[PDB]
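Read through the structure below, which is laid out as structure tokens, and then see the notes.
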Amino acid sequence: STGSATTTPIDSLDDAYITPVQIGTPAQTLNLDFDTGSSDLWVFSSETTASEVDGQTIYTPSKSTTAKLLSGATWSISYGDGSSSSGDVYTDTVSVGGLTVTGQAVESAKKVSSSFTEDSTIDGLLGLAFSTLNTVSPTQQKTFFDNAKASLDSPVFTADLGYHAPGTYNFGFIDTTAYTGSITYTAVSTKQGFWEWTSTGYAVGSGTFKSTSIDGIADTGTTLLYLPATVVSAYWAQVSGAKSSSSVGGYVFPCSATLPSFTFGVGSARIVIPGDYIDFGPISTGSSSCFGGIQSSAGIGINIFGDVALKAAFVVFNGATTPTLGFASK
């Protein structure tokens with residue numbers, strides 16, 4: 001089997017991407033944030049505290065003839081951005097782009113933090129990291145991909161995120177028309193439960209490539225590119241007037257600037273992030289200070305190849321017995 005679904009930016013800045021997901025019978029379609037940096041499929045629901053719902057579409061398990069309470073199971077998650085959610089668990093039928101999993105754990109939110117409530121466009125998350133990170137207790141549950149894997153034509157999914165435009169998540173096949181040149185594959189460590197890999201270096205604009213190993217995670221659920229302070233400083237030093245602002249929470253730059261590109265290495269291959277991808281716009285409405293899309297990972301504890309990086313590539317998440325990551329230009 002295969003599946004193919006379009007993923008759409010939630011706003012004009014590509015802050016996140018939502019993908020429609022069919023849950024239950026008859027189908028209830030929710031727009032979920034596919035997140036390769038976590039492993040829980042959770043939804044706003046009829047059980048979510050009413051004051052914490054503000055415009056989201058909810059899953060109502062009582063209206064699904066295939067929903068079953070997973071007795072005694074609870075979940076609770078905290079994300080890198082400080083947000084969180086928790087609740088109980090149902091199993092139900094879940095389909096993405098024509099690919100159906102029966103018996104999928106659908107984690108129903110009883111509580112969500114303010115950031116989730118305030119984002120009316122995201123109805124929940126669909127985790128695509130390794131199932132070892134799944135938070136369901138006392139019986140850990142598998143991700144949608146893990147459940148689907150054996151039925152897929154090939155044990156892979158791909159992320160093809162758009163810049164200010166829709167893109168595609170495919171399951172079970174590699175669309176050879178969706179990228180240019182060849183896909184370069186690179187080793188993955190699953191030790192921390194992430195799609196963790198080592199970039200071979202970077203360049204800023206038309207500058208020379210610096211060969212240096214940068215361990216990080218491919219994370220579709222994070223907006224920005226978080227890299228070591230040395231690398232980030234080298235980037236922003238090429239933008240007149242750019243500075244790190246503790247009050248704002250990172251590097252800002254004059255909105256009048258033209259940003260240089262940023263290149264990262266994948267083996268001997270190179271992925272180029274155009275300068276415009278690194279512009280996250282005014283820090284507040286009407287400001288001439290703009291927020292940068294490359295930020296320091298210092299004090300996160302891990303480097304994160306988030307959407308800013310991934311949207312410059314066609315990315316293969318290869319879930320074979322020994323997982324690997326593939327990157328192609330597009």
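Letters for chains follow the order of the structure tokens (A, B, ...), residue numbers begin at 1 for each chain, and ligand numbers begin at 1 in the order shown.
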
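Every protein or nucleic acid residue with an atom no more than 9 Å from residue 62 of chain A, counting only C-alpha atoms and leaving out same-chain residues fewer than 5 positions away, appears here: residues 46, 67 and 68 of chain A.
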
Could I get the residues of segment 233-290 of chain A with an atom no further than 12 Å from an atom of segment 7-19 of chain A, each paired with its nearest atom pair and that distance in Å to one decimal, using only C-alpha atoms, sorted by chain and residue number, as a Markdown table?
| residue | atom | partner | partner_atom | distance |
| --- | --- | --- | --- | --- |
| A:276 | CA | A:13 | CA | 10.7 |
| A:277 | CA | A:13 | CA | 9.2 |
| A:278 | CA | A:13 | CA | 10.1 |
| A:279 | CA | A:13 | CA | 8.3 |
| A:280 | CA | A:13 | CA | 6.0 |
| A:281 | CA | A:13 | CA | 7.5 |
| A:282 | CA | A:13 | CA | 10.5 |
| A:283 | CA | A:13 | CA | 11.9 |
| A:290 | CA | A:13 | CA | 11.9 |

Save the residues we just selected, N, CA and C atoms, as a short mmCIF file (atom, residue, chain, number, x, y, z; two decimals), in the first residue's frame?
data_model
loop_
_atom_site.label_atom_id
_atom_site.label_comp_id
_atom_site.auth_asym_id
_atom_site.auth_seq_id
_atom_site.Cartn_x
_atom_site.Cartn_y
_atom_site.Cartn_z
N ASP A 276 15.69 33.93 1.38
CA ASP A 276 14.32 34.30 1.72
C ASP A 276 13.67 33.30 2.70
N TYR A 277 14.14 32.06 2.71
CA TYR A 277 13.56 31.04 3.60
C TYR A 277 13.89 31.35 5.06
N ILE A 278 14.90 32.19 5.28
CA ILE A 278 15.43 32.48 6.60
C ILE A 278 14.76 33.74 7.20
N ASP A 279 13.87 34.37 6.43
CA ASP A 279 13.14 35.56 6.88
C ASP A 279 11.81 35.17 7.53
N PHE A 280 11.68 35.44 8.83
CA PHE A 280 10.43 35.19 9.55
C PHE A 280 9.67 36.45 9.92
N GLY A 281 10.03 37.54 9.27
CA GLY A 281 9.21 38.74 9.27
C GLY A 281 9.33 39.57 10.53
N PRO A 282 8.55 40.64 10.58
CA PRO A 282 8.65 41.58 11.71
C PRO A 282 8.43 40.89 13.05
N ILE A 283 9.20 41.29 14.06
CA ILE A 283 9.09 40.67 15.39
C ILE A 283 7.72 40.94 16.00
N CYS A 290 13.26 42.22 12.01
CA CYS A 290 12.74 40.95 11.52
C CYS A 290 13.40 39.79 12.25
#

| remark: Using only C-alpha atoms, the residue out of A:285, A:78, A:324, A:120 with shortest distance to residue 53 of chain A is A:120

| Near segment 187-198 of chain A, within 7 Å and counting only C-alpha atoms, which residues show up once chain neighbours fewer than 5 positions away are dropped, as a ChimeraX atom specification? | /A:37,129-130,132-133,213-218,323-325

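Of the residues in segment 20-138 of chain A, those given alpha helix (DSSP H) by DSSP on the backbone are residues 114, 115, 116, 117 and 118 of chain A.
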
Within 8 Å of residue 152 of chain A, counting only C-alpha atoms, which residues show up once you throw out same-chain ones fewer than 4 positions away? Write them as a compact mmCIF listing (two decimals) with N, CA and C atoms, in the first residue's frame, please.
# COMPACT_ATOMS: atom_id res chain seq x y z
N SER A 1 0.85 -1.22 0.00
CA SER A 1 0.00 0.00 0.00
C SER A 1 0.87 1.24 0.00
N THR A 2 0.24 2.36 -0.34
CA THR A 2 0.88 3.68 -0.26
C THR A 2 -0.16 4.70 0.21
N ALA A 148 1.85 1.14 9.99
CA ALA A 148 1.62 0.98 8.56
C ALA A 148 2.73 0.24 7.85
N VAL A 156 9.08 3.37 4.00
CA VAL A 156 9.58 4.74 3.93
C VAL A 156 8.43 5.72 3.98
N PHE A 171 3.76 8.11 1.78
CA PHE A 171 4.05 6.91 2.55
C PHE A 171 4.18 5.73 1.62
N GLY A 172 5.29 5.03 1.72
CA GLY A 172 5.45 3.76 1.04
C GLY A 172 6.09 3.78 -0.33

Per-residue nearest contacts segment 277-322 of chain A to segment 227-244 of chain A, cut-off 10 Å, using only C-alpha atoms, as CSV:
residue,atom,partner,partner_atom,distance
A:289,CA,A:242,CA,9.2
A:290,CA,A:242,CA,9.3
A:291,CA,A:242,CA,9.7
A:292,CA,A:236,CA,8.8
A:294,CA,A:232,CA,6.6
A:295,CA,A:232,CA,6.2
A:296,CA,A:229,CA,5.0
A:297,CA,A:227,CA,5.0
A:298,CA,A:228,CA,6.2
A:299,CA,A:228,CA,9.8
A:300,CA,A:227,CA,9.8
A:301,CA,A:228,CA,9.8
A:302,CA,A:227,CA,8.2
A:303,CA,A:227,CA,5.1
A:304,CA,A:227,CA,6.7
A:305,CA,A:227,CA,8.0

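Distance-wise, atom CA of residue 135 of chain A and atom CA of residue 317 of chain A end up 21.6 Å apart.
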
| task | List every residue of segment 187-233 of chain A that DSSP, applied to the backbone of this structure, places in strand (DSSP E), and write the result as a ChimeraX atom specification. | result | /A:187,196-204,210-218,225-227

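Omitting segment 261-272 of chain A and its sequence neighbours fewer than 5 positions away, and counting only C-alpha atoms, the residues within 7 Å are residues 184, 186, 199, 200, 201, 202, 203, 204, 205, 312, 313 and 329 of chain A.
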
| field | Exercise: residue 315 of chain A partners within 6 Å, only C-alpha atoms, chain neighbours under 2 positions left out, as a ChimeraX atom specification | value | /A:158-159,313,326-327

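With only C-alpha atoms as the basis for measurement, A:89 is the residue among A:89, A:30, A:310, A:58 that approaches residue 140 of chain A most closely.
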
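Of the listed residues A:36, A:141, A:246, A:206, the one whose atoms come nearest to residue 259 of chain A is A:206, with distances taken using only C-alpha atoms.
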
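Counting only C-alpha atoms and comparing A:225, A:138, A:209, A:170, the residue that lies closest to residue 96 of chain A is A:170.
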